[PDB]
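The chain that follows stands alone, in the form solved without the named molecule, written as structure tokens.
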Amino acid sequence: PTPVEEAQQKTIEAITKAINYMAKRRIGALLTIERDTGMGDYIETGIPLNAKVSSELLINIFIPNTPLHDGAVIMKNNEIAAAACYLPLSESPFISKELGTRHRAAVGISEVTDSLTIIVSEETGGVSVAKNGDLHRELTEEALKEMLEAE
């Protein structure tokens, strides 16, 4: 594999390890991966990080009662661009009624970009992904990893 491909694999490994840990601990999380539609307008609403990705940094961002935990992390390739970002809220009727703002924000950004957003529920620990206006819930660890690899 090329350096670009190896870097992508390392970033996938960092994301999945972080998400798997937050799911086990019921740590709510909202992580949007920019794709070909630029998300600068949303990145600029958060706290700039421009940080190398690591599982450790991803988890710490979302620890409850901390400055960075409310709002979305937006990643650009192999960097965490910003945290505590605003995303627009979807009004889609296909969002389970019991779900809160993180899931609605994820679907919302997925309606106006080609990004992939991962959500961890603080209520159940369930992991979901929003893409192209659809929310896919209750993902296994294997399914999430495959989704990211395909992305």
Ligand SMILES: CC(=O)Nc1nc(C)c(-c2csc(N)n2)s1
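Heads up, when I say rigid core I mean the largest set of C-alphas that superpose within 1.5 Å between the two forms. Numbers follow the displayed sequence, beginning with 1.
Between 94-102 and 113-121, the larger mean CA deviation from the shown form in 8 other deposited structures of this protein, after core superposition, belongs to 94-102. Of the two segments examined, 59-67 and 79-87, it is 59-67 that shows the higher average Cα temperature factor in the deposited entry. Higher average CA B factor: 96-104, of the stretches 115-123 and 96-104. Annotation for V129: C-alpha temperature factor in the lowest third relative to the rest of the modelled chain, per the entry. Ranked by Cα temperature factor within the chain, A143 sits in the highest third according to the deposited record. When all modelled residues of the chain are sorted by CA temperature factor, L135 is found within the lowest third. Ranked by C-alpha B-factor against the other modelled residues of its chain, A14 falls in the middle third.
There is another form of the same protein, the form deposited with the named molecule bound; it is not shown, and what comes next is about it.
The named molecule in the deposited complex comes within 4.5 Å of no heavy atom belonging to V107.
Of the heavy atoms in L89, some are within 4.5 Å of the named molecule in the deposited complex. Using a 4.5 angstroms threshold between heavy atoms, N50 stays clear of the named molecule in the deposited complex. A82 falls outside the set of residues with a heavy atom inside 4.5 Å of the named molecule in the deposited complex. Residues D70, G71, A72 of 55-83 are found to place at least one heavy atom within 4.5 Å of the named molecule in the deposited complex.
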